[PDB]
Amino acid sequence: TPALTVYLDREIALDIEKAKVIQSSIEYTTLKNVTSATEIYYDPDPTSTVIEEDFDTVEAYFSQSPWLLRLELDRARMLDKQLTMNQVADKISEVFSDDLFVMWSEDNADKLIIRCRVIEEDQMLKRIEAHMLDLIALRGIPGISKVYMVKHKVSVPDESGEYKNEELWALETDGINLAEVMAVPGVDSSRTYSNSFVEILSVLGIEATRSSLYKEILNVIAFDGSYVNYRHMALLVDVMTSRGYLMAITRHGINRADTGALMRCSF
Amino acid sequence: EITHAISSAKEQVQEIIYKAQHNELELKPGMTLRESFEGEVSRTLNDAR
Amino acid sequence: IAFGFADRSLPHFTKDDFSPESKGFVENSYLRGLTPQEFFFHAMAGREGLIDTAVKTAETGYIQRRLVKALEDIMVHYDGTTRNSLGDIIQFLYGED
Amino acid sequence: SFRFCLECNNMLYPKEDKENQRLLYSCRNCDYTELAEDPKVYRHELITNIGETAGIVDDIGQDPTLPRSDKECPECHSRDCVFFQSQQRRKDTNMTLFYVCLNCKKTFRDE
Amino acid sequence: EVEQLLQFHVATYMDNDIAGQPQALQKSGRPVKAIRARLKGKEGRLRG
Amino acid sequence: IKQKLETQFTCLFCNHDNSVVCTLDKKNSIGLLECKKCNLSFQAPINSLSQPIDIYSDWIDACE
Amino acid sequence: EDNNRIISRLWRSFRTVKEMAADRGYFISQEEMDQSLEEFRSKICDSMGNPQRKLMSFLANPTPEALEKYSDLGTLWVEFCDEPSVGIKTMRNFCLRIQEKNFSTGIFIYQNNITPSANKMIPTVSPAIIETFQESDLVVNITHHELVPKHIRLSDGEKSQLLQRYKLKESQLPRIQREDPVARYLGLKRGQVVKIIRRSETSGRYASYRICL
Amino acid sequence: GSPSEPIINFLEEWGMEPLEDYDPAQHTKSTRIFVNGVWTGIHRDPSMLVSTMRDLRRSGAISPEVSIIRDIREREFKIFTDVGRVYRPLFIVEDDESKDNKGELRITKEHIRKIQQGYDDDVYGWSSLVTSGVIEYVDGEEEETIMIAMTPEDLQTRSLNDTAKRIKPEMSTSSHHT
Amino acid sequence: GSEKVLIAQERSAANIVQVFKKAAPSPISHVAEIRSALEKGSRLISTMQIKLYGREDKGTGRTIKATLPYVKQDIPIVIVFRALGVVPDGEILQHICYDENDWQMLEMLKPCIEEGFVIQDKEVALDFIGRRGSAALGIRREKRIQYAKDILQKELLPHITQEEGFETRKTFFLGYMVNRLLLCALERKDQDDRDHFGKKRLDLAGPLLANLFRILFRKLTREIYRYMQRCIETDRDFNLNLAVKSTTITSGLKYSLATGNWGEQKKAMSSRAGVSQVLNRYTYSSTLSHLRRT
């Protein structure tokens, strides 16, 4: 269960609108997540079409290969994620150049339809569709599937000197991507914590990896109400973080030491 | 009183079932309809017990 | 209680039954009297718990053995440091105090 | 619905005749070519709903393990019908029940 | 052939758990207890 | 890309085992069996699911 | 639009590079460290908004305090690369420019990635030290994190005193890889000892020592 | 253990169509018949065939160990006559709506009297009750398409408030149970 | 003098198709397995598997391949279907699927038909099948086809039939298997529960002793064959009793009932141990519980 606990700034943690905006900008969204249906049509006339549903649309918009890729999107998915047709068209164009036409329909229509034309090609269109439904990314950080808005109660000293509980808004993002999340504007790039120490060792360092490991061990110990002294966990996290890298508690990290052979062969 | 509390818990579970089967149940963040329904039923039963 | 049968947990109930009495809710207590369905559910729960305990005890023993084999040559010397058998300093002071 | 050939009994493939500029269905083992009636060739449904109310049987009323309800039928108006949850085995399947009467065999929900 | 047989015997005398070939069996059915199996295992030398 | 493999088959002329090279080309669907001893060459038409055993059986059938 | 966020990321990377140069002991003017974003956009961006990486290269000299502490600190020439794909054509010109102006340490910053071929053209510039850093890895200063403490590069005399007090060799201290971000932030070399002052819930302040490989 | 040849003979005598006369374009609603795993044929009206097979199994012409399963949702008819199937005996409740014995048990006090006496009124043991038609054997697969009752008192609706005894389940999810 | 009791063994039922799903690090998504057994004797014969290749948006062609008994590589369903008897794709799709309105099944079967198109008849299909069925070098086409026919007849689904001229039942069974696999892969039906008691069998003393006696009788037959191979060249009439050794079967039965090792004496490894156990005679309840133990 990889998860990142992102903390927001002070001017943002007390606002739900800015927090929701940051969550929407951080959440990963691709074309496959918003695509509802895809179809392949044979349109020999580039200026007209055979389908009577998109007749008045193309006849008002207009005023190569005959194959046409017609993709119908979901209105609820495009409305909840706050995504428009212009942004999707621009994101498709920025990666397709002039090798694929893009014709989008208005939002006031009954169905969100997008037509594409290519300026033996039977399986080529299927391959192009499979490549589009696996690489076209709209917005967001890659690796962030779901985002949850959590309320954190922090004991802050008041202006008079007394500690009081303050409720702030933080984010919990599924997946691991600290290097790309820390660089997001409006995100506190000094308090973001990650549950995976492997990525911490590569992003921050070994000193932060030791603290993350100690925090994880303390949480695992105290989840069931048990309590263990700090010296034991400190020695445990210092032994694993002695050679500079993460040393496992298996035959790969223990037997790879400069100790005696009689001691290493006893495990 | 224990029997009345058990009957009230059963009535609440039946109401939750009726709300979930009529698209009138609130969706939990990060959970589907069945998962949220099962969690709510388990929480209600634990509170009643 | 998962639906072990066809959309049900026991043949004494109807299909698509999400009632508490058909999903493992023992209404009666030990003094009153457990129904055969509630008795079977309690037996299943006890068997699952016993199997989980008998499976996790060996895993915990293996984890403890690995931790002991990893931490066995650590000894605090007279200079206050915490080093192993090779002499590498793990902590400059035991417990940082 | 993908048809086949009536001569060598084989599947057909879509082709574009450029001399006449039209879509045709032509075989690969012989020289049979017919006219196409639907410009649609391939269709992929991402948010599909097929498999929910598509499987309807006639002997569903002879199963004593299915519970009964007191819903009124919109056709014969009978007080004897069965009901069952959605047979779609998806993780995001709605828990909306579907009712089936023991006369006209009509499927309806409670929305 | 005799050289290969002698090499196989020498190899099985010290290690009977060689992969890619069947192990040396006794006249009863069970394989020969080599010197490698005497050290490893729960009932071995070091751990026993 | 042509696939050049070394098989453990036996030549049907010089009787030399482990000396049969199979060169398959799926772009033109052509298999070639060559011997590294008496130096011969057998051409055969292959497909997309062909294998050196298939062309070996074809050569055996053509030799008899 | 995208140009605004690109210029913002470039300014953040420049501020991180300035903070890294100031932490290593080099003299940085107070008017340059506290540079705002509007002045940065007015000085770097042209008429269309495209920045110029050649106009951001600067030179920093060590402070007198760092010169008294470390006697092996020279000039630091910071140069930003204009080409996204660093190849054999740019590395040769960079090495020639470094060897011509007798630069002591030159920090290289690329845009996209670096081919493995040019990676071999870095140790061949000795005794000059060339360190490569990614732009995306320089957007956020990792030293300002809560879990990342403060590292102080110890001198030769302090290292010798610590080794004589503890009576140990150089292979008995906690090691740290050279590819570590904290090690690369200070330009650590093989044989340097760093001191870490961290927080401990049992005694308050704790002082530890590490050695780079 | 029981052979499958009499089962196939009875199925062919009743009205089972062979596999050579099967076609999905014409038989888009028939029910397949599986005997010990292998597919034998299809039937157009399995409602009468299953009833006749159950009547023959309850009469005595077929061995009581033969398991008969009818999957309506999957449209399958399985006749298991293999060896090693764990089965258990259960009473037979009249479910046919054509007599006054519906809703009650098929076994009455006369069967108990004949069992206690050990003979009929012009040996009588457990096999006699099975061959009569009041107790039938069901395995794990046949238990999937049947409705069993815990106690006979639950077969009929009652008209309490006892703080010492247990509480019976309400069972208010279904309107009427069969 | 020791009281030994045979403990019942819980095994999986035969002549049934069980569909399961594979893990993520694997190019296979669904696997339908069936261990086929003969009706007479109740012994295991072989096990047939059908695997659907193709991960979620990974694997290009989502083709299905079957594993025949005594084979070295997987063979697609189209090849074995054309080698059985039905060569046109229309008849194959009619025997496999029974719903022309559903397009998902047709789209899933399209890669299989596209991959199995180079085979247009039955001769080349049988020739390609026999090459993978553990065939030697030098069988030639005149005998490779006959070997592939014998491989496809027996071994492959023997519970259906074994006589000649009865391939329609095998084709229908293969079509039903493919239809069930496609229905389970389309998320229209849950996977088969392995813990279902309806698909389990309890082999008691009957089938186990039958298999043991069959193995002992095969060993005695081999011994009698070897004895007659030597007591014939002398041109002397044997006394019959001297050719049958009554010690082999008795010794094997005694060993298997005393030590519990099910199998031959020289093959103690890879054998089920613990079939015969010492009868606990501590009390009546202990014996009653040991007599009914699986």
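Here the chain labels run A, B, C, D, E, F, G, H and I in written order, and each chain numbers its own residues starting at 1.
Here is the rule we go by: a residue touches a chain if its C-beta (ideal position, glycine included) is under 8 Å from a C-beta of that chain, and two chains touch if they have at least 3 such contacts.
Here's who's who by UniProt: D = DNA-directed RNA polymerase subunit; G = DNA-directed RNA polymerases I, II, and III subunit RPABC1.
Participant: Please name the chain that ends up farthest from chain B once chain centres are defined by their CA atoms averaged.
Facilitator: F
Participant: Could you compare the number of C-beta pairs in contact for C-G with that for E-I and name the larger?
Facilitator: Taking the two pairs in turn, the one with more contacts turns out to be C-G.
Participant: Measuring from the mean C-alpha position of chain C to the mean C-alpha position of chain F, what distance in angstrom results?
Facilitator: 60
Participant: Once you find the CA centre of chain E and the CA centre of chain F, what distance in Å lies between them?
Facilitator: 42
Participant: How far is the middle of chain B from the middle of chain H, if each middle is the mean of its Cα atoms, in Å?
Facilitator: Their C-alpha centroids are separated by 37 Å.
Participant: Approximately how many whole Å separate the CA-defined centres of chain D and chain E?
Facilitator: About 64 Å, centre to centre.
Participant: Where in chain F do residues touch two or more other chains at once?
Facilitator: Where chain F is concerned, no single residue meets two or more other chains.
Participant: Hey, what residues on chain G touch two or more of the other chains?
Facilitator: In chain G, residues 174, 202 touch at least two other chains, as defined above.
Participant: Spell out, as numbers or ranges, the residues of chain D touching 2 or more other chains.
Facilitator: As it turns out, chain D has residues touching two or more other chains at 42-44, 65, 67, 87, 97.
Participant: Using the touch definition from the top, list the residues of chain A that touch chain D in their complex.
Facilitator: Touching chain D: residues 32, 35-44, 50-51, 66, 74, 122, 125-126, 129 of chain A.
Participant: If you look only at chain B, which of its residues touch chain C in the complex?
Facilitator: For this pair, the touching residues of chain B are 6, 9-10, 13-14, 17, 41, 45.
Participant: Can you list the residues on chain A that touch chain G in the complex?
Facilitator: These residues of chain A touch chain G: 179-180, 182-183, 185, 189-193, 200, 202-208, 211-212, 230-231, 241-245.
Participant: Enumerate the contact residues on chain H facing chain C in the complex.
Facilitator: 73, 143-150, 164-174, 177
Participant: Chain D touches which residues of chain H in the complex?
Facilitator: Per the touch definition, chain H meets chain D at residues 29, 46-47, 72-73, 75, 95, 145-147, 173-178.
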